[PDB]
Amino acid sequence: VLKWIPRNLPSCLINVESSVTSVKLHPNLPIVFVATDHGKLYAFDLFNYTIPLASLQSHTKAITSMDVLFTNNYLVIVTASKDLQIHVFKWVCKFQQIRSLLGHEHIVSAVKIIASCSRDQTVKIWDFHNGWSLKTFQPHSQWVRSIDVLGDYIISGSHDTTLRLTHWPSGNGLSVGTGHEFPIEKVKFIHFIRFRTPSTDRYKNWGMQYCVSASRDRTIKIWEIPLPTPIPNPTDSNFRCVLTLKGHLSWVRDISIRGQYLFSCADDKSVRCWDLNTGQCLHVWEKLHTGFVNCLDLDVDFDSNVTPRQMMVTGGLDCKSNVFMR
Amino acid sequence: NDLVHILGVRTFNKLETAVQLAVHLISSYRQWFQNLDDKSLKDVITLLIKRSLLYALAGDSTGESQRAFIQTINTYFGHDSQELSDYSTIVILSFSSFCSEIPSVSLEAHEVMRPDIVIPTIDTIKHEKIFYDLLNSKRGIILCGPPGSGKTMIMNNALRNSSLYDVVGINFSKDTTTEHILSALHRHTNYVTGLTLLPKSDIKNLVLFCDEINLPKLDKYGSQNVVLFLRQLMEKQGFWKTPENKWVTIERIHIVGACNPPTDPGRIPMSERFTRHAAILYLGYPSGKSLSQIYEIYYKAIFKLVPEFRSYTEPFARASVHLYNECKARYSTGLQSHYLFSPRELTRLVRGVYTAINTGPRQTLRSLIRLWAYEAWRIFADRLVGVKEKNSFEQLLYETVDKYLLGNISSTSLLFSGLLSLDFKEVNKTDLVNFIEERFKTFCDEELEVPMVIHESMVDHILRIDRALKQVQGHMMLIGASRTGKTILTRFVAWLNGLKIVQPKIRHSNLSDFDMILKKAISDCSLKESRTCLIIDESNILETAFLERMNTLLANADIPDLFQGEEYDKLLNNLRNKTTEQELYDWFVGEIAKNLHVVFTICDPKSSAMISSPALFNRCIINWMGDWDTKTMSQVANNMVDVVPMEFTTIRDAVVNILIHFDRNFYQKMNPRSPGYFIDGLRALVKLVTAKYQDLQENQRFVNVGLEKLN
Amino acid sequence: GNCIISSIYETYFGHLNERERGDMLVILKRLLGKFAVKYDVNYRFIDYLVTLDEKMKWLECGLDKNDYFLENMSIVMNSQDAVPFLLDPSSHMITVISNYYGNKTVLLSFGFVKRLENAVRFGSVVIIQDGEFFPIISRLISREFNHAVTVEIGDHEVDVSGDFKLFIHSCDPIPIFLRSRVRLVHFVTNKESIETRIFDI
Ligand SMILES: Nc1ncnc2c1ncn2[C@@H]1O[C@H](COP(=O)(O)OP(=O)(O)O)[C@@H](O)[C@H]1O
Ligand SMILES: Nc1ncnc2c1ncn2[C@@H]1O[C@H](COP(=O)(O)OP(=O)(O)O)[C@@H](O)[C@H]1O
């Protein structure tokens, strides 16, 4: 049940007024939300894509990306806009404004949970409960693009192609990494359950050994995480690669991993799924959007709280999105 | 005396070269005549005498002049003596011809990129043999001829392939001196007792190759100094040590010169005092059959990579040579200062066909002819002045294709790119404009804050400069009207390709600081494999020595002067940290040719002498940016005013075309037209209309509120 | 109509005297009549972009009664998107701007790079005589920056105070790259000047 590959033809097509920049489905109800660059959020039932259930405009500028999280219970919908405002709504079948957030001086890029990344050179961390300013930090001399939180550790890749691994209580950089000739577009941790097979008991306690990185140079690179000590180890804080993955004809936008088969999207009208074992491209889907394929989304297989159902969805710049069932 | 000559010298002063060449030939052949009859001996002697007379009295004339001279020298000595012809040669003794002495070589695809590859042919080997004799006769050499004849190429062929000689390459600047020569010989000669200067070797002579000796400038009293210095070395067989004041005798050195004809602008005529002591040869353009054979060999070597059409080498060779012939025919340099045609750009055409074929998908016939036509548009019809000659070039391509053996041929429809995929193939206009728009919007959101237009002319020029940039030794000249966007185009293509932007932050600057910046760039390139592209404007150049340095690295494949000493020591130390003398320097040349790209953004058509230099024409892909067109600017104005809704009583087309008409009238009432006035007008109109319409909108809102209150 | 006239007057007629500027105005109005766009027959740009209180503010510092000078400093003050250029062999624009600003006017000429770095650090207006001797400032005159705001002057990064204005003045009756970015303003008297002067007198 964990080795499902979607069919070539799309199940159906969600027509959107403007270019799709973020897609996220509800982990519980069969509904999806798409956030665009015109400040428009469209809510569509998964088996009823005819009429827009909720067409909302609460953003003056473009929404680059957004994600959702379920409380530990309701669902949190965190959206962002380039005029430096962050919104959290309530799903009843309409968006009810719960709270607003501020603290970023420039265009905000993405969110994570609440934490966020921007272009204002400053890392700022707040609390959903508090809503006040808690943490400020400078990641590098040059600002970062892709960040994520895994318990207490954050990896960050900057415009100067610099990876840094930091720990929230220690406040020190565990390791540094690099290797590309281009700025990194996305970086993601790789966990266990060859990528999910641990090597030693110390790394089993750690849980992270590899990490995936994608940039605009049509390359996917997996990086080995060096052994940390917390306090940094000066002699054991350098990343290293073992395999170079290519095949895309344009920039790699977003990547997603599940089991052993990983999915990626590129501006060559294509979405490609690979295997981390053999490296051969298991499938290449062409002609998904008239414009570039901006984002992909699937049910999160890495989290047991969310059910990895039979769903996939992708967005595009052609003012349309493709959702795949069966 | 009455025939045509270049660098006109008296007939009294060529007897030196003639007699010395004849005596050296006889002294070389003397120990073979001991078993020869009187008549064969006399025939050999009179053949060598006739050859010496022809190649020392008519050396500065053309081929038909040489044939007239050979028939006159045949009829002026009688028919009893041994005849002499164009192909005549003495070799083991027996009368022979040059036609049976050429070798055969079939190079493969991956060495056409080498600029020093020399193809054997008939005139090349004839001039090779006479160069050997005239250099061994202890006589100075000067080679003068039209640009593109391959003077440097023939020089490297003659000097690299001799066990008795080496090569030291020095290139003169506009402002020259006497320690240039001493610096050039410093790395290859040593002082011995310094009473005597000798080459570092002992068995092989060392020869100083200098090129473009017309380039140095006279002083205020009508006299230069470097040619007098050369005269002193190659006549007195010595010179004076400047700080030490002693005579230094040099014996095994040789002086060989290369230069342009004096009729070229910016090239002075020398005094006959210096050319008196030397030997002059005219290196003219090769004939049609020689070029046909050369490019037949090149096309065979390039279609080795595609074995399906090996029998189509010969028609494409005929087409290329013929097309070059009428391309030189239908216009010349008398109309514009950049219509200089040479075998250099045909070689670069072969190079472009090579890289397009190698970096491309599976090819068929019609694809190959259309690629050839696209490259012809790329390299021949790219710096013209109108569309009439462009359609003439198109129909010329059509007729040469149908006479030497269809699809579309025009470059505006043939769209070849390398950004849409990993292979160099035909692409889609909508996909390219979407990719360019996305790249420009992310560039704007990231680095440069200009909310700026994208249109078809500038994306075509982006494709042009990207095609020029992706090649090796890819350096292009962007000349157009100011504020057209050439610098932003270079920055954009550097960002998309991956090259990082470096700029010289210049009076208040000097050669020391500029060469420090250059050496930092060179060290970064050699160590980190850094992709360097440096941007030069008009204000960035003040001395012609800068242009001389770029002209040296461009006409050559390297800089043979600024890379020496402790810099070489630390460079080789770092290279051996990363990793023969000649092989190491050749790999340095290859990596610096593959990892450096210079751009000039010059708007003025010093700049006139820059474009007029044919040495600068060597590895400059001169792209004619030009001025904007009425339709193009109607498009850009329509795109710019789209963000401002102002239709009241459409009217956007009317306002943009009436503004176009007014500035056309203004240009006619007051050469390129700078579009800065246009864009300033559009920006001011947009901002003023938006601001004052917002102010009048809130004023009318207040008036409406008052009217609703009072009504 | 008055807005398009104002824009084209402030960007196209900086270096044209009275006779040819009137010819350009009448030709442009004929063209507008050809294109059938609404405008104002009795409109003058001085009546549009010159406020009477600010007119007196310039008047108390050396404003000449000739309307040519009026439109000259009107075009000077309207050059907000681009750097202004002042062509004056008689050296009057430098005097009028110096006694109109005061201590804000910092007088420089062509350690000039260090003086300019100090001026852009402190937010000081700089005016240079004999601008033909002009490159450090090239990024600033292109008005492109690296947002943090920062200024990459010379080889060391600096910060812009935010209240910076740059004026360039010359006297010789010029690089084309400099010419494109600047707003050229003409202050040469000619036959049209004496025509209008004696006519009004
Ligand atoms: N007959 C030829 N055979 C082979 N290559 C040639 C021939 N003529 C010109 N070339 C090419 O032209 C270049 C020589 O240019 P050259 O004429 O020395 O420049 P310049 O005119 O500045 O002296 C060489 O790189 C060579 O590849
Ligand atoms: N497509 C365009 N149309 C009009 N102006 C442009 C365009 N692209 C760039 N520019 C302007 O031109 C300036 C750079 O001009 P540049 O390329 O240096 O001209 P040149 O190469 O002729 O000196 C930039 O500041 C930009 O504002």
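Refer to the preceding data block for the structure.
Residues numbered from 1 in each chain as written, not as in the entry; some residues may be left out. Chains lettered and ligands numbered in written order. Part of a larger assembly, values for the part shown. Heavy atoms only, no water. Residues with missing side-chain atoms left out of burial classes, pairs and counts.

### Observations concerning the nonpolar core
Residues and elements named next belong to chain B. One finds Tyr299, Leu323, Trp372, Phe380, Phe393 and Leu397 to be the most contacted residues of the largest nonpolar core, which totals 49 residues. For this core, the secondary-structure elements that each account for two or more residues are α9 (288–303), α10 (313–330), α11 (343–358), α12 (365–379) and α13 (388–403). Looking at this core, the element that brings in the most residues is α12, giving nine residues. Beyond its immediate stretch of four places on either side in the chain, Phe393 contacts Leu323, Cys327, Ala376, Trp377, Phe380 and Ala381. Counting residues in hydrophobic clusters, the runner-up holds 32 residues, among them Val44, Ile70, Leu84 and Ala158. (Core = buried A, V, L, I, M, F, W, Y, C linked by side-chain atoms within 4.5 Å. Buried < 20%, exposed > 50% of the residue type's maximum accessible area, 1.4 Å probe, protein only. Helix = DSSP H or I, 4+ residues; strand = E, 2+ residues; numbered from the N terminus. Contact = heavy atoms within 4.5 Å.)

### Considering the packing of helix α17 (residues 511–528) of chain B against helix α20 (residues 581–594) of chain B
Helix-helix packing: each pair is described by the crossing angle between the helix axes and the interaxial distance. All names here are of chain B. For the pair α17 and α20, the least separation of the axes is 10 Å and the interaxial angle reads 105°. The orientation of α17 with respect to α20, classified from their angle, is roughly perpendicular. Contact with α17, carried on its side by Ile522, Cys525 and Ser526, involves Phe588, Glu591 and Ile592 of α20 and no other residues of that element. Here the contact of α17 with α20 is composed, by residue class, of four nonpolar, one polar and one charged. (Axes fitted to C-alpha atoms, helices over the stretch in contact; angles between N-to-C directions. Parallel < 35°, antiparallel > 145°, perpendicular 65-115°, else oblique. Nonpolar A, V, L, I, M, F, W, Y, C, P; charged D, E, K, R; others polar.)

### Brief notes about the packing of aromatic side chains
The relative placement of two aromatic rings is captured by the distance of their centres and the angle of their planes. Tallying each qualifying case throughout the model produces 39 aromatic pairs over all chains. Between the aromatic rings of B:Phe440 and B:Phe492, the centroid separation amounts to 5.9 Å while the plane-to-plane angle is 55°, which identifies the pairing as tilted. Taken together, the residues span a long stretch of sequence, with B:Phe440 in helix α14 (residues 429–446) and B:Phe492 in helix α16 (residues 486–497) at a distance of 52 residues. When sorted by exposure, B:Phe440 lands in the same class as B:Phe492, which is buried. Aromatic pair B:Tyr677 and C:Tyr12: ring centres 5.9 Å apart, planes at 50°, arrangement tilted. (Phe/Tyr/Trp six-rings, centres within 6.5 Å; stacked < 30°, edge-to-face > 60°.)

### Quick notes on the interface of chain B and chain C
Quite often, the size of an interface is put as the accessible area lost when its parts meet. At the junction of the two partners, chain B supplies 31 residues and chain C supplies 30 residues. At the level of secondary structure, the elements contributing two or more residues to the side of chain B that touches chain C comprise α23 (652–669) and α24 (676–710) of chain B. For the side of chain B that touches chain C, the leading source of residues is α24(B), giving 10 residues. Tallied by class, the residues present in the side of chain B that touches chain C amount to 15 nonpolar, seven polar and nine charged.

### As for the packing of α14(B) against α16(B)
Residue and element names in this part refer to chain B. For the pair α14 and α16, the least separation of the axes is 11 Å and the interaxial angle reads 100°. With respect to their mutual orientation, α14 and α16 come out roughly perpendicular. Two secondary-structure elements touch here, α14 through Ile436, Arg439, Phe440, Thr442, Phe443 and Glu446 and α16 through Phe492, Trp495 and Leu496.

### Observations regarding the site of ligand 1
Residues and elements named next belong to chain B. Lining the immediate environment of ligand 1, one finds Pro115, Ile119, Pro147, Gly148, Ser149, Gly150, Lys151, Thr152, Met153, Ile294, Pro343 and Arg344. A distance of 2.7 Å separates an oxygen atom of ligand 1 from a polar backbone atom of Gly150. Separating an oxygen atom of ligand 1 from a backbone N or O atom of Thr152 is a distance of 3.1 Å. In isolation ligand 1 has 570 Å² of accessible area, and contact with the protein removes 90% of it. Mapped by element, the contributors of at least two residues to the shell around ligand 1 are α5 (151–160) and α11. When residues of the shell around ligand 1 are assigned to their parent elements, the largest contribution, three residues, is made by α5. (Near = heavy atom within 4 Å. Polar contact = N/O pair within 3.5 Å; in protein donor to acceptor, adjacent residues only side chain to side chain. Areas by Shrake-Rupley, 256 points an atom, 1.4 Å probe, with all protein chains shown as cover.)

### Brief notes about the pattern of salt bridges
Summed over the entire model, instances satisfying the criterion amount to 31 salt bridges over all chains. Two residues, B:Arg114 and B:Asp586, come together in a salt bridge whose shortest N-O distance is 2.8 Å. Within this structure, A:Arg145, A:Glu185, A:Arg216, A:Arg253 and B:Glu446 form a network of salt bridges that share partners. (Salt bridge = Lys/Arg side-chain N within 4 Å of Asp/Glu carboxyl O.)

### Here we look at the site of ligand 2
All names here are of chain B. Taken together, the neighbourhood of ligand 2 is formed by 15 residues, with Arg483, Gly485, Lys486, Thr487 and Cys603 sitting nearest. At three residues, α16 tops the list of elements feeding residues into the shell around ligand 2. Split into classes, the residues belonging to the shell around ligand 2 amount to six nonpolar, six polar and three charged.

### Here's the deal with the sheet that holds strand β5 (residues 54–57) of chain A
Hydrogen bonds between backbone atoms are what pair the strands of a sheet, whose relative direction is either parallel or antiparallel. All names here are of chain A. Ordered in space as β2-β3-β4-β5, the four strands form an open sheet in which the pairing is antiparallel. Each edge of the open sheet carries a strand with a single partner, namely β2 (20–25) and β5. Taking the axes of each pair of neighbouring strands and ignoring which way they run, one obtains an average angle of 20° across the sheet. The pairing of strand β3 (residues 31–36) with strand β4 (residues 40–45) spans five bridges and is classified as antiparallel. When the bridges of β4 are listed, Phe33 appears paired with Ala43. (Pairing = 2+ DSSP bridges.)

### Structural notes on the sheet that holds strand β19 (residues 210–215) of chain A
Residues and elements named next belong to chain A. Overall, antiparallel pairing links the four strands, which are arranged β18-β19-β20-β21 in an open sheet. The strands lining the two open edges of the sheet, one partner per strand, are β18 (184–190) and β21 (240–245). For this sheet, the mean angle separating the axes of adjacent strands, direction not counted, is 25°. Across five bridges, the pairing between strand β20 (residues 220–224) and β21 is antiparallel. When the sheet's bridge partners are listed, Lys221 is paired in β21 with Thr244.

### Section: α12(B)
The end-to-end C-alpha separation of α12(B) is 21 Å, in line with the 21 Å expected for 15 residues at 1.5 Å each. Among the 15 residues of α12(B), 13 are classified as buried, and the element is accordingly described as predominantly covered. (Expected span 1.5 Å × (residues − 1).)

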